[PDB]
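Analysis of the macromolecular model
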Amino acid sequence: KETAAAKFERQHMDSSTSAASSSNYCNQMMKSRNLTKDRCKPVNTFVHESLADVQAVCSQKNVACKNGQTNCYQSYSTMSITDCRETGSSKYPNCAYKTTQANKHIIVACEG
Amino acid sequence: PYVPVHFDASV
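Residues numbered from 1 in each chain as written, not as in the entry; some residues may be left out. Chains lettered and ligands numbered in written order. Heavy atoms only, no water.

With respect to the UniProt feature "disulfide bond" in chain A
Residue and element names in this part refer to chain A. Of the disulfides catalogued by UniProt, the one between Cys26 and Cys84 is formed in the present coordinates, where the sulfur separation is 2.1 Å. On the criterion of sequence distance, the pair formed by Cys26 in helix α2 (residues 25-32) and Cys84 in strand β4 (residues 79-86) is long-range, its members being 58 residues apart. UniProt's annotated cystine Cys58-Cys110 is reproduced in these coordinates, with an S-S distance of 2.0 Å, under 2.5 Å. With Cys58 in the loop between α3 (51-55) and β2 (61-63) and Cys110 in strand β6 (residues 106-111), this residue pair connects regions lying 52 residues apart in the sequence. An identical accessibility class is assigned to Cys58 and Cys110; each is buried. (Disulfide = S-S within 2.5 Å. UniProt positions renumbered as here; feature names shortened; annotations may be inferred. Helix = DSSP H or I, 4+ residues; strand = E, 2+ residues; numbered from the N terminus. Buried < 20%, exposed > 50% of the residue type's maximum accessible area, 1.4 Å probe, protein only.)

Looking at the state of the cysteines
Residues and elements named next belong to chain A. According to the stated counting rule, one finds four disulfides over all chains in the structure shown. Residue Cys40 pairs covalently with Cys95 via a disulfide, S to S 2.0 Å. Torsion about the S-S bond of the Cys40 and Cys95 cystine: about -85 degrees, corresponding to left-handed handedness. Of the two residues, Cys40 is situated in the loop between α2 and β1 (43-47) and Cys95 in the loop between β4 and β5 (97-104); the sequence distance between them amounts to 55 residues. With respect to burial, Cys40 and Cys95 carry one shared label: buried. Once the bonded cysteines of chain A are numbered in order along the sequence, the disulfide links fall as 1-6, 2-7, 3-8, 4-5.

A word on the sheet that holds strand β3 (residues 72-74) of chain A
Judged by pairing direction, the sheet is antiparallel, and its four strands sit side by side in the order β2(A)-β3(A)-β6(A)-β1(B) without closing on themselves. With one partner strand each, in any of the chains shown, β2 of chain A together with β1 (3-10) of chain B form the two edges of the open sheet. Neighbour-to-neighbour, the strand axes of this sheet turn through a mean angle of 35 degrees, independent of strand direction. Where β3 of chain A lies against β6 of chain A, three bridges are found, and the strand directions are antiparallel. By the bridge assignment for β6 of chain A, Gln74 of chain A is matched with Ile107 of chain A. Sheet strands touched by helix α1 (residues 4-12) of chain A: β6 of chain A together with β1 of chain B. Its angle to β1 of chain B, the strand with the most contacts, is close to 40 degrees. (Pairing = 2+ DSSP bridges. Axes fitted to C-alpha atoms, helices over the stretch in contact; angles between N-to-C directions. Contact = heavy atoms within 4.5 Å.)

A few points about the interface of chain A and chain B
Taken together, the contact pairs 26 residues of chain A with eleven residues of chain B. Contact with chain B buries area across many residues of chain A, yet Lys66, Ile107 and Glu111 of chain A alone supply 28% of it, more than any other trio. The interface formed by chain A and chain B includes one salt bridge. Note that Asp8 of chain B and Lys66 of chain A form a salt bridge whose closest N and O atoms lie 2.8 Å from each other. (Buried area = accessible area lost by both parts, 1.4 Å probe. Salt bridge = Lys/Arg side-chain N within 4 Å of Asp/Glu carboxyl O.)

A word on the packing of aromatic side chains
Here a ring pair, both rings aromatic, is described through the centre-centre distance and the interplanar angle of the planes. A complete count under the given rule lists two aromatic pairs over all chains for this structure. With a centroid separation of 5.9 Å and 90 degrees between ring planes, the pair formed by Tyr25 of chain A and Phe46 of chain A is classed as edge-to-face. Separated by 21 residues along the polypeptide, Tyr25 of chain A in helix α2 and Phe46 of chain A in strand β1 bring together distant segments of the chain. Relative to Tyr2 of chain B, the ring of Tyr73 of chain A has its centre 5.6 Å away and its plane inclined at 85 degrees; by these criteria the two rings are edge-to-face. Linking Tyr73 of chain A in strand β3 with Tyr2 of chain B in the segment before β1, this pair reaches from one chain into another. The exposure class of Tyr73 of chain A is buried, given its relative accessible area of 12%. (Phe/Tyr/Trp six-rings, centres within 6.5 Å; stacked < 30°, edge-to-face > 60°.)

Set out below in structure tokens:
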């Protein structure tokens, strides 16, 4: 089965672009990454950085996850990210998203 | 190795 690490890359990594290039980015990426297969994932974030840079977050600032778990880490640096959020017109299987470009610190959960 | 398995939030 797909590993949790591999699932992370598929759902959130986009090292081939520096940032979302058009309003259609979310629509295209959510579809192509198979995130809309069973239902419309309501929210999703893509990171436009090298995988190594994102993997290094696991050795940066240790913080509590939103749910209280203690294996979260916050990037020391801000990263180029794209926020994908479902639109009022979204209706499975024609999932629709609004694309929002940003530069912020990311918080990931790490395992090993 | 210790790698990211979940995206928790952007701050």
